[PDB]
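Asks: run.cif is reproduced below (mmCIF, N, CA and C atoms and all ligand atoms).
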```cif
data_entry
#
loop_
_atom_site.label_atom_id
_atom_site.label_comp_id
_atom_site.auth_asym_id
_atom_site.auth_seq_id
_atom_site.Cartn_x
_atom_site.Cartn_y
_atom_site.Cartn_z
N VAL X 22 0.90 -1.14 0.00
CA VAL X 22 0.00 0.00 0.00
C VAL X 22 0.94 1.19 0.00
N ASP X 23 0.65 2.13 -0.88
CA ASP X 23 1.47 3.30 -1.11
C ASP X 23 1.36 4.16 0.14
N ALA X 24 2.44 4.14 0.92
CA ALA X 24 2.51 4.79 2.20
C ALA X 24 2.20 6.27 2.09
N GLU X 25 2.82 6.95 1.12
CA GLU X 25 2.61 8.37 1.00
C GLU X 25 1.16 8.60 0.63
N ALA X 26 0.59 7.84 -0.31
CA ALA X 26 -0.81 7.98 -0.68
C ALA X 26 -1.73 7.80 0.52
N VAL X 27 -1.53 6.73 1.31
CA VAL X 27 -2.23 6.56 2.58
C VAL X 27 -2.11 7.85 3.36
N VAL X 28 -0.90 8.35 3.61
CA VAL X 28 -0.79 9.44 4.55
C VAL X 28 -1.47 10.71 4.01
N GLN X 29 -1.22 10.96 2.73
CA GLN X 29 -1.82 11.94 1.85
C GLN X 29 -3.33 11.74 1.62
N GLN X 30 -3.98 10.74 2.24
CA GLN X 30 -5.44 10.63 2.19
C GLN X 30 -6.12 10.14 3.48
N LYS X 31 -5.36 9.70 4.48
CA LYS X 31 -5.87 9.16 5.73
C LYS X 31 -5.46 10.05 6.91
N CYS X 32 -4.35 10.79 6.79
CA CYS X 32 -3.76 11.52 7.91
C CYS X 32 -3.84 13.03 7.68
N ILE X 33 -3.56 13.48 6.45
CA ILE X 33 -3.63 14.90 6.09
C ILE X 33 -4.96 15.52 6.53
N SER X 34 -6.03 14.71 6.55
CA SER X 34 -7.34 15.05 7.07
C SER X 34 -7.28 15.89 8.34
N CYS X 35 -6.33 15.59 9.24
CA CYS X 35 -6.10 16.39 10.45
C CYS X 35 -4.71 17.00 10.44
N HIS X 36 -3.68 16.22 10.07
CA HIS X 36 -2.30 16.68 10.11
C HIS X 36 -2.00 17.79 9.09
N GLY X 37 -2.85 17.97 8.07
CA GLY X 37 -2.69 18.98 7.03
C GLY X 37 -1.91 18.39 5.86
N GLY X 38 -2.08 18.94 4.65
CA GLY X 38 -1.51 18.42 3.40
C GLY X 38 -0.04 17.98 3.52
N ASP X 39 0.83 18.90 3.95
CA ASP X 39 2.26 18.64 4.10
C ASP X 39 2.59 17.95 5.43
N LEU X 40 1.59 17.66 6.27
CA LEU X 40 1.74 17.00 7.57
C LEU X 40 2.58 17.86 8.51
N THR X 41 2.52 19.17 8.26
CA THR X 41 3.11 20.27 9.00
C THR X 41 2.30 20.59 10.26
N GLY X 42 1.11 20.00 10.41
CA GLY X 42 0.39 19.98 11.67
C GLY X 42 -0.72 21.02 11.70
N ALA X 43 -1.84 20.73 11.03
CA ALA X 43 -3.01 21.60 11.02
C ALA X 43 -3.87 21.41 12.28
N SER X 44 -4.77 20.42 12.27
CA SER X 44 -5.63 20.05 13.40
C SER X 44 -4.97 19.01 14.32
N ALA X 45 -3.74 18.63 14.01
CA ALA X 45 -2.94 17.65 14.72
C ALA X 45 -1.50 18.16 14.64
N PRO X 46 -0.56 17.69 15.47
CA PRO X 46 0.82 18.17 15.44
C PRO X 46 1.52 17.75 14.15
N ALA X 47 2.66 18.39 13.87
CA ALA X 47 3.45 18.12 12.69
C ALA X 47 3.99 16.69 12.76
N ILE X 48 3.64 15.84 11.79
CA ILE X 48 4.22 14.50 11.69
C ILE X 48 5.07 14.31 10.45
N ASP X 49 5.22 15.31 9.57
CA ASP X 49 6.16 15.18 8.47
C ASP X 49 7.58 14.80 8.96
N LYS X 50 7.97 15.24 10.16
CA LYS X 50 9.23 14.93 10.83
C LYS X 50 9.06 13.90 11.95
N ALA X 51 7.88 13.32 12.13
CA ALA X 51 7.70 12.28 13.14
C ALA X 51 8.71 11.14 12.95
N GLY X 52 9.15 10.82 11.73
CA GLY X 52 10.25 9.88 11.55
C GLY X 52 11.58 10.32 12.17
N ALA X 53 11.80 11.63 12.30
CA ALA X 53 12.99 12.17 12.95
C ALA X 53 12.82 12.05 14.46
N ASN X 54 11.62 12.39 14.94
CA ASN X 54 11.35 12.46 16.37
C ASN X 54 11.24 11.06 16.98
N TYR X 55 10.50 10.17 16.31
CA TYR X 55 10.09 8.85 16.77
C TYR X 55 10.48 7.80 15.73
N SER X 56 10.52 6.53 16.13
CA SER X 56 10.87 5.42 15.25
C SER X 56 9.61 4.80 14.66
N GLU X 57 9.76 4.03 13.57
CA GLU X 57 8.64 3.38 12.91
C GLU X 57 7.78 2.61 13.91
N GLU X 58 8.38 1.89 14.86
CA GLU X 58 7.66 1.19 15.92
C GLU X 58 6.64 2.09 16.63
N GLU X 59 7.10 3.21 17.20
CA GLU X 59 6.28 4.19 17.91
C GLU X 59 5.14 4.67 17.00
N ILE X 60 5.50 5.09 15.79
CA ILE X 60 4.56 5.70 14.86
C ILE X 60 3.51 4.66 14.48
N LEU X 61 3.96 3.45 14.12
CA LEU X 61 3.15 2.29 13.79
C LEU X 61 2.12 2.05 14.87
N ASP X 62 2.59 1.92 16.11
CA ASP X 62 1.68 1.70 17.22
C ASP X 62 0.70 2.87 17.27
N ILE X 63 1.17 4.11 17.15
CA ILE X 63 0.27 5.27 17.22
C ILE X 63 -0.79 5.21 16.11
N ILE X 64 -0.42 4.83 14.89
CA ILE X 64 -1.36 4.71 13.79
C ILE X 64 -2.42 3.66 14.13
N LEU X 65 -1.97 2.50 14.62
CA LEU X 65 -2.84 1.40 14.99
C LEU X 65 -3.73 1.76 16.20
N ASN X 66 -3.19 2.51 17.17
CA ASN X 66 -3.78 2.73 18.50
C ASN X 66 -4.54 4.05 18.57
N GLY X 67 -3.87 5.15 18.20
CA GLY X 67 -4.32 6.52 18.37
C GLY X 67 -3.25 7.35 19.08
N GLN X 68 -3.62 8.56 19.49
CA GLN X 68 -2.84 9.52 20.26
C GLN X 68 -3.82 10.63 20.64
N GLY X 69 -4.03 10.93 21.93
CA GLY X 69 -4.89 12.04 22.34
C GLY X 69 -6.22 12.10 21.58
N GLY X 70 -6.43 13.14 20.76
CA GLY X 70 -7.66 13.32 19.99
C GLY X 70 -7.75 12.43 18.74
N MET X 71 -6.64 11.83 18.32
CA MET X 71 -6.57 10.96 17.16
C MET X 71 -7.38 9.68 17.41
N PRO X 72 -8.28 9.28 16.50
CA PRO X 72 -9.13 8.12 16.68
C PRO X 72 -8.33 6.82 16.73
N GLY X 73 -7.30 6.72 15.88
CA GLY X 73 -6.46 5.55 15.80
C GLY X 73 -7.11 4.44 14.97
N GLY X 74 -6.29 3.48 14.54
CA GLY X 74 -6.71 2.36 13.72
C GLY X 74 -7.17 2.81 12.33
N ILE X 75 -6.79 4.03 11.93
CA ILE X 75 -7.08 4.66 10.65
C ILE X 75 -6.47 3.84 9.51
N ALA X 76 -5.33 3.22 9.79
CA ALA X 76 -4.56 2.37 8.89
C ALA X 76 -4.18 1.16 9.74
N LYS X 77 -4.14 -0.05 9.15
CA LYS X 77 -3.72 -1.25 9.83
C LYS X 77 -3.02 -2.22 8.88
N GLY X 78 -2.21 -3.12 9.43
CA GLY X 78 -1.38 -4.02 8.63
C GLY X 78 -0.57 -3.20 7.63
N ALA X 79 -0.48 -3.69 6.39
CA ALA X 79 0.31 -3.08 5.32
C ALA X 79 0.12 -1.57 5.24
N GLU X 80 -1.10 -1.06 5.42
CA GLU X 80 -1.35 0.37 5.51
C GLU X 80 -0.44 1.00 6.57
N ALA X 81 -0.60 0.61 7.84
CA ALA X 81 0.10 1.23 8.95
C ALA X 81 1.60 0.94 8.89
N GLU X 82 1.97 -0.28 8.49
CA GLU X 82 3.36 -0.67 8.33
C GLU X 82 4.03 0.25 7.30
N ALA X 83 3.43 0.32 6.11
CA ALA X 83 3.94 1.16 5.04
C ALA X 83 4.02 2.61 5.51
N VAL X 84 2.94 3.14 6.09
CA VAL X 84 2.95 4.46 6.74
C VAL X 84 4.19 4.59 7.61
N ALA X 85 4.29 3.82 8.69
CA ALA X 85 5.33 3.99 9.70
C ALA X 85 6.73 3.97 9.07
N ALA X 86 7.00 2.97 8.23
CA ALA X 86 8.28 2.85 7.54
C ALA X 86 8.57 4.10 6.71
N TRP X 87 7.64 4.48 5.83
CA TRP X 87 7.74 5.69 5.03
C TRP X 87 7.97 6.92 5.92
N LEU X 88 7.24 7.02 7.03
CA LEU X 88 7.34 8.15 7.94
C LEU X 88 8.76 8.22 8.51
N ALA X 89 9.26 7.09 9.00
CA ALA X 89 10.65 6.95 9.44
C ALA X 89 11.61 7.39 8.33
N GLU X 90 11.30 7.03 7.09
CA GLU X 90 12.10 7.39 5.92
C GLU X 90 11.94 8.88 5.54
N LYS X 91 10.87 9.56 6.00
CA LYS X 91 10.55 10.95 5.64
C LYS X 91 11.53 11.94 6.30
N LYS X 92 12.31 11.46 7.26
CA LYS X 92 12.91 12.29 8.28
C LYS X 92 14.08 13.14 7.78
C1 LIG R 101 -7.65 13.51 12.99
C2 LIG R 101 -8.96 12.78 13.32
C3 LIG R 101 -6.43 12.61 12.86
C4 LIG R 101 -6.20 11.67 11.88
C5 LIG R 101 -7.09 11.32 10.72
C6 LIG R 101 -4.85 11.17 12.07
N1 LIG R 101 -4.32 11.80 13.14
FE1 LIG R 101 -2.37 11.45 13.81
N2 LIG R 101 -2.84 12.71 15.45
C7 LIG R 101 -3.95 13.48 15.58
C8 LIG R 101 -3.79 14.29 16.77
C9 LIG R 101 -4.67 15.46 17.12
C10 LIG R 101 -2.64 13.86 17.40
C11 LIG R 101 -2.02 14.33 18.71
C12 LIG R 101 -2.90 14.43 19.97
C13 LIG R 101 -3.79 15.65 20.06
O1 LIG R 101 -4.98 15.44 20.39
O2 LIG R 101 -3.26 16.76 19.84
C14 LIG R 101 -2.03 12.90 16.51
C15 LIG R 101 -0.80 12.33 16.73
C16 LIG R 101 -0.14 11.50 15.84
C17 LIG R 101 1.21 11.07 16.06
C18 LIG R 101 2.02 11.47 17.28
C19 LIG R 101 2.32 12.96 17.28
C20 LIG R 101 2.46 13.57 18.67
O3 LIG R 101 1.75 13.10 19.58
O4 LIG R 101 3.25 14.53 18.79
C21 LIG R 101 1.60 10.34 14.94
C22 LIG R 101 2.93 9.68 14.71
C23 LIG R 101 0.47 10.34 14.04
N3 LIG R 101 -0.54 11.04 14.64
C24 LIG R 101 0.42 9.73 12.78
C25 LIG R 101 -0.75 9.69 12.03
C26 LIG R 101 -0.86 9.02 10.76
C27 LIG R 101 0.33 8.59 9.94
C28 LIG R 101 -2.19 9.03 10.41
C29 LIG R 101 -2.79 8.44 9.16
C30 LIG R 101 -2.61 6.92 9.04
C31 LIG R 101 -2.88 9.89 11.34
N4 LIG R 101 -1.97 10.26 12.28
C32 LIG R 101 -4.24 10.25 11.24
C33 LIG R 101 -5.06 13.52 14.76
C34 LIG R 101 -5.23 12.68 13.66
#
```
Could you render the structure from this file as structure tokens?
Ligand code: HEC
Replies:
Amino acid sequence: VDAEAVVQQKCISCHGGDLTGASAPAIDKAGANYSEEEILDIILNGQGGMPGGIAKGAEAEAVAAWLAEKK
């Protein structure tokens, strides 16, 4: 699953187009701040106001890895 496409259609909804942090904090650099493990769990689980489980399996895996790679 195209990680950037996922993020660019599942996360930008709150994080904003560039993931610079609109209705949610900036995660374009979340790969710098946190590791794929952390991010993966957060995608699967949630964070604060984030519903979580927005992406799962290959979706969330691809997301987290790509996010780690975004850094
Ligand atoms: C709006 C309903 C959200 C969607 C859709 C996604 N996220 Fe999110 N995320 C959101 C918020 C508001 C927060 C922080 C808590 C708060 O209430 O302010 C987050 C947090 C994350 C984090 C951690 C960032 C941090 O806590 O500093 C990550 C790594 C993250 N979110 C990733 C992420 C991805 C990749 C999503 C799409 C699969 C996604 N989020 C959707 C709000 C929302």
Asks: Residues up to 5 Å from ligand LIG 101 (chain R), counting only N, CA and C atoms and all ligand atoms: could you list those as a PyMOL selection string?
Replies: chain X and resi 31-32+35+44-46+60+68-72+75-76
Asks: Within 8 Å of (4.1, 4.0, 7.1), in the coordinates the file gives, what residues turn up when you count only N, CA and C atoms, written out as a ChimeraX atom specification?
Replies: /X:23-25,28,57,60-61,79-90
Asks: Could you list, as a VMD selection string, every residue within 7 Å of residue 47 in chain X, counting only C-alpha atoms and ignoring same-chain residues fewer than 6 positions away?
Replies: chain X and resid 36 40 to 41
Asks: To test your reading of the structure, identify every residue in range 40-79 of chain X that backbone DSSP assigns to helix (DSSP H, G or I), and report it as a PDB file with N, CA and C atoms, in the frame of the given file.
Replies:
```pdb
ATOM      1  N   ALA X  51       7.880  13.320  12.130  1.00  0.00           N
ATOM      2  CA  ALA X  51       7.700  12.280  13.140  1.00  0.00           C
ATOM      3  C   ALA X  51       8.710  11.140  12.950  1.00  0.00           C
ATOM      4  N   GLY X  52       9.150  10.820  11.730  1.00  0.00           N
ATOM      5  CA  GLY X  52      10.250   9.880  11.550  1.00  0.00           C
ATOM      6  C   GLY X  52      11.580  10.320  12.170  1.00  0.00           C
ATOM      7  N   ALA X  53      11.800  11.630  12.300  1.00  0.00           N
ATOM      8  CA  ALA X  53      12.990  12.170  12.950  1.00  0.00           C
ATOM      9  C   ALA X  53      12.820  12.050  14.460  1.00  0.00           C
ATOM     10  N   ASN X  54      11.620  12.390  14.940  1.00  0.00           N
ATOM     11  CA  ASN X  54      11.350  12.460  16.370  1.00  0.00           C
ATOM     12  C   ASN X  54      11.240  11.060  16.980  1.00  0.00           C
ATOM     13  N   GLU X  57       9.760   4.030  13.570  1.00  0.00           N
ATOM     14  CA  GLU X  57       8.640   3.380  12.910  1.00  0.00           C
ATOM     15  C   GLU X  57       7.780   2.610  13.910  1.00  0.00           C
ATOM     16  N   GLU X  58       8.380   1.890  14.860  1.00  0.00           N
ATOM     17  CA  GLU X  58       7.660   1.190  15.920  1.00  0.00           C
ATOM     18  C   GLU X  58       6.640   2.090  16.630  1.00  0.00           C
ATOM     19  N   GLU X  59       7.100   3.210  17.200  1.00  0.00           N
ATOM     20  CA  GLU X  59       6.280   4.190  17.910  1.00  0.00           C
ATOM     21  C   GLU X  59       5.140   4.670  17.000  1.00  0.00           C
ATOM     22  N   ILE X  60       5.500   5.090  15.790  1.00  0.00           N
ATOM     23  CA  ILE X  60       4.560   5.700  14.860  1.00  0.00           C
ATOM     24  C   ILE X  60       3.510   4.660  14.480  1.00  0.00           C
ATOM     25  N   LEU X  61       3.960   3.450  14.120  1.00  0.00           N
ATOM     26  CA  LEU X  61       3.150   2.290  13.790  1.00  0.00           C
ATOM     27  C   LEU X  61       2.120   2.050  14.870  1.00  0.00           C
ATOM     28  N   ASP X  62       2.590   1.920  16.110  1.00  0.00           N
ATOM     29  CA  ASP X  62       1.680   1.700  17.220  1.00  0.00           C
ATOM     30  C   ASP X  62       0.700   2.870  17.270  1.00  0.00           C
ATOM     31  N   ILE X  63       1.170   4.110  17.150  1.00  0.00           N
ATOM     32  CA  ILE X  63       0.270   5.270  17.220  1.00  0.00           C
ATOM     33  C   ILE X  63      -0.790   5.210  16.110  1.00  0.00           C
ATOM     34  N   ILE X  64      -0.420   4.830  14.890  1.00  0.00           N
ATOM     35  CA  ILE X  64      -1.360   4.710  13.790  1.00  0.00           C
ATOM     36  C   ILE X  64      -2.420   3.660  14.130  1.00  0.00           C
ATOM     37  N   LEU X  65      -1.970   2.500  14.620  1.00  0.00           N
ATOM     38  CA  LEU X  65      -2.840   1.400  14.990  1.00  0.00           C
ATOM     39  C   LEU X  65      -3.730   1.760  16.200  1.00  0.00           C
ATOM     40  N   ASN X  66      -3.190   2.510  17.170  1.00  0.00           N
ATOM     41  CA  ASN X  66      -3.780   2.730  18.500  1.00  0.00           C
ATOM     42  C   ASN X  66      -4.540   4.050  18.570  1.00  0.00           C
ATOM     43  N   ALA X  79      -0.480  -3.690   6.390  1.00  0.00           N
ATOM     44  CA  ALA X  79       0.310  -3.080   5.320  1.00  0.00           C
ATOM     45  C   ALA X  79       0.120  -1.570   5.240  1.00  0.00           C
TER      46      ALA X  79
END
```
Asks: Distance CA of residue 50 in chain X-atom C of residue 92 in chain X, one decimal place?
Replies: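 It comes out at 6.0 Å.
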Asks: Tell me, in Å to one decimal, how far atom N of residue 59 in chain X is from atom C of residue 74 in chain X.
Replies: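 Between atom N of residue 59 in chain X and atom C of residue 74 in chain X the gap works out to 15.1 Å.
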Asks: Could you jot down the CA of residue 64 in chain X to CA of residue 48 in chain X separation for me, Å, one decimal place?
Replies: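 Between CA of residue 64 in chain X and CA of residue 48 in chain X the gap works out to 11.5 Å.
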Asks: Kindly compute an axis-aligned box around the listed atoms of range 79-82 of chain X, allowing 6 Å on each side, and express its centre and edge lengths in Å to one decimal as JSON.
Replies:
```
{"center_x": 1.3, "center_y": -1.2, "center_z": 7.1, "size_x": 17.4, "size_y": 16.9, "size_z": 15.7}
```
Asks: What would range 59-74 of chain X look like with N, CA, C and O atoms in place, written as a compact mmCIF listing (two decimals), in the frame of the given file?
Replies:
```
# COMPACT_ATOMS: atom_id res chain seq x y z
N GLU X 59 7.10 3.21 17.20
CA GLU X 59 6.28 4.19 17.91
C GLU X 59 5.14 4.67 17.00
O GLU X 59 3.97 4.68 17.38
N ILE X 60 5.50 5.09 15.79
CA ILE X 60 4.56 5.70 14.86
C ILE X 60 3.51 4.66 14.48
O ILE X 60 2.32 4.93 14.54
N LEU X 61 3.96 3.45 14.12
CA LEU X 61 3.15 2.29 13.79
C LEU X 61 2.12 2.05 14.87
O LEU X 61 0.92 2.02 14.59
N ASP X 62 2.59 1.92 16.11
CA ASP X 62 1.68 1.70 17.22
C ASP X 62 0.70 2.87 17.27
O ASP X 62 -0.51 2.65 17.33
N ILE X 63 1.17 4.11 17.15
CA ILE X 63 0.27 5.27 17.22
C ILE X 63 -0.79 5.21 16.11
O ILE X 63 -1.96 5.49 16.36
N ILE X 64 -0.42 4.83 14.89
CA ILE X 64 -1.36 4.71 13.79
C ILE X 64 -2.42 3.66 14.13
O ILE X 64 -3.62 3.90 13.97
N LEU X 65 -1.97 2.50 14.62
CA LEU X 65 -2.84 1.40 14.99
C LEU X 65 -3.73 1.76 16.20
O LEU X 65 -4.88 1.34 16.26
N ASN X 66 -3.19 2.51 17.17
CA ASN X 66 -3.78 2.73 18.50
C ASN X 66 -4.54 4.05 18.57
O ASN X 66 -5.69 4.07 18.99
N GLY X 67 -3.87 5.15 18.20
CA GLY X 67 -4.32 6.52 18.37
C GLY X 67 -3.25 7.35 19.08
O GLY X 67 -2.12 6.89 19.27
N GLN X 68 -3.62 8.56 19.49
CA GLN X 68 -2.84 9.52 20.26
C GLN X 68 -3.82 10.63 20.64
O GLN X 68 -4.37 11.25 19.74
N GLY X 69 -4.03 10.93 21.93
CA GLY X 69 -4.89 12.04 22.34
C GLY X 69 -6.22 12.10 21.58
O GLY X 69 -7.04 11.20 21.71
N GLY X 70 -6.43 13.14 20.76
CA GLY X 70 -7.66 13.32 19.99
C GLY X 70 -7.75 12.43 18.74
O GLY X 70 -8.81 12.31 18.14
N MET X 71 -6.64 11.83 18.32
CA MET X 71 -6.57 10.96 17.16
C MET X 71 -7.38 9.68 17.41
O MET X 71 -7.15 9.03 18.43
N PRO X 72 -8.28 9.28 16.50
CA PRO X 72 -9.13 8.12 16.68
C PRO X 72 -8.33 6.82 16.73
O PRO X 72 -8.63 5.93 17.52
N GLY X 73 -7.30 6.72 15.88
CA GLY X 73 -6.46 5.55 15.80
C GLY X 73 -7.11 4.44 14.97
O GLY X 73 -8.30 4.47 14.67
N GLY X 74 -6.29 3.48 14.54
CA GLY X 74 -6.71 2.36 13.72
C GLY X 74 -7.17 2.81 12.33
O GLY X 74 -7.83 2.03 11.63
```
